[PDB]
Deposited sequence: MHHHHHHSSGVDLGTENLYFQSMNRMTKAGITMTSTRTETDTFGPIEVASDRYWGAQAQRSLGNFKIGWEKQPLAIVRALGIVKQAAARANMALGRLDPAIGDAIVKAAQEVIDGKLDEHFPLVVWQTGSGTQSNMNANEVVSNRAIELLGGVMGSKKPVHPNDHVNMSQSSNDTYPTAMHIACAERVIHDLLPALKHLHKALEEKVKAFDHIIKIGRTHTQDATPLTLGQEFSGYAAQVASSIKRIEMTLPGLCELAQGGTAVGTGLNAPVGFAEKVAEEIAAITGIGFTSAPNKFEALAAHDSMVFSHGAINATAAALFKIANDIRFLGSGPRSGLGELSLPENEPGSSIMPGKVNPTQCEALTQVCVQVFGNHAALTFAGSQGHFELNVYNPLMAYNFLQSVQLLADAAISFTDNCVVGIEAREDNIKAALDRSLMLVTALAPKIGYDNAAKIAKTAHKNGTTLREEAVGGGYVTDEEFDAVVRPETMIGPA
């Protein structure tokens, strides 16, 4: 059961229960590459831009409110994640993200047609290019969607995750502050510090990571939208760039702004390279914390034996508790280091007016953010909060140390 959809290349059959159009159907056949569909955060962001564009185009007298209001309602369904199944395209597509931009135009158009009681696939009364794509190019819409999605996930997922981790580490600083243990430098026995003090290092690394990320957000919140095809703003109304950013800001509740220079915003994504550097630095910090905890929990008898980590999956030898949350997190952090290398290389590869590595950069950034937010929460809830000190082992080691104690942990 199909309907026939058309574009400048000709007609193509689309499953009747699907909202997408000719171009999306073509891209399914042309880009059979890999496992990865466009991140759902990008799908949502494309919804935000189509909705904000409609609102700005109406306010600037370019769009019939009969058409515009239907676009707005249809795009809300994309925003709310109700139409996720109508985005079947892979990451590994045209480097400007044109196929997914057109996927969003077609879906918003067909759903709006349906809401107005029109015939799906006919492009009437809501046209995918003339109305949904009005005042925009793929060249400026996809990079805008990237920044929105990246900022949103950092602000709503990653930063709360890290604060949650920080709070748990601070609880441990307070609980472990009276526990005096032996320091290790070069892995060799050294002078004493409290377990609370050691944990205060971990906490400080996490707080610092939070601040580093936050500092990079203003860059991320500058949007390409309104630069159109090459950055000149040609074929956009005067004032569109500013207005559509205000509309985007109002939808998201995040202080998005129009980029001061559209040529810079199209030809390069240096803000994402720098923001991803803060996430890269966060991964190095979390790696170290997780690796330390791993080793401090080693044993029960031939290890360092300072920590008792919660046992999350079933045992049988007695006392043998694998630090599996440390393992999940350290694996995630290394993934991020790899993502950062790809993201950086892609960022260097812009040509003239346009960087055509957009889907790759969005996919790497969003994966890093998802992985680190998820693993930070999991490591916190399933490891950190339940960590106990093995005080007898810590005492018994200190009393059998060569290194020498309440008078040895101060300036």
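Chemist: If you line up the deposited sequence with the model, which stretches have no C-alpha coordinates?
Modeler: The deposited sequence has unmodelled segments at 1-34, 351-352, 441-487, 495.
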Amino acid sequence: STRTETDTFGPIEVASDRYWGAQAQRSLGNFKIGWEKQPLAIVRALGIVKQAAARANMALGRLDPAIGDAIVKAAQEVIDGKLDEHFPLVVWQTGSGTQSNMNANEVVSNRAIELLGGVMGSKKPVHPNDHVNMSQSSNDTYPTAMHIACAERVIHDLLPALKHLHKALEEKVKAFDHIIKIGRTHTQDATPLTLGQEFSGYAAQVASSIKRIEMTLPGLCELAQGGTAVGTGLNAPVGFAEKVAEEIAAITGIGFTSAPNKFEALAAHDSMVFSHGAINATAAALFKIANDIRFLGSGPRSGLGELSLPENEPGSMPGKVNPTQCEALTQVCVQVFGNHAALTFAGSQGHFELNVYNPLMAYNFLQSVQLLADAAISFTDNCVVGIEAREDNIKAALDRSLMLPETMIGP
From here on, numbers count along this sequence of modelled residues.
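Chemist: Taking the recorded C-alpha temperature factors, which stretch has the higher mean, 62-70 or 356-364?
Modeler: It is 62-70 that shows the higher mean C-alpha B-factor.
Chemist: Is the mean CA B factor in the deposited entry higher across 281-289 or across 241-249?
Modeler: Comparing 281-289 with 241-249, the higher mean C-alpha B-factor belongs to 241-249.
Chemist: Which of these has the highest Cα B-factor in the record: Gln197, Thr141, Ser316, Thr330?
Modeler: The record points to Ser316.
Chemist: Out of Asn339, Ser208, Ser302, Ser100, whose C-alpha atom has the biggest B factor in the entry?
Modeler: Checking the PDB record, the top C-alpha B-factor among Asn339, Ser208, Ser302, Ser100 is at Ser302.
Chemist: Taking the entry's C-alpha B-factors for this chain, is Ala376 in the lowest, middle or highest third?
Modeler: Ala376: CA B-factor falls in the lowest third of its chain.
Chemist: If you rank the chain by CA B-factor, which third does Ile42 end up in: lowest, middle or highest?
Modeler: Within its chain, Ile42 is a lowest-third residue by C-alpha B-factor, going by the deposited values.
Chemist: How does the C-alpha B factor of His269 compare with the rest of the chain: lowest, middle or highest third?
Modeler: Tercile = lowest for this residue's CA B-factor.
Chemist: Within this chain's modelled residues, let me know which third the CA B factor of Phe176 belongs to: lowest, middle or highest.
Modeler: CA B-factor rank for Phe176: highest third.
Chemist: Once the chain's modelled residues are ordered by C-alpha B factor and cut into thirds, is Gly29 in the lowest, middle or highest one?
Modeler: For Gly29, whose C-alpha B-factor we compare with every modelled residue in the chain, the answer is the highest third.
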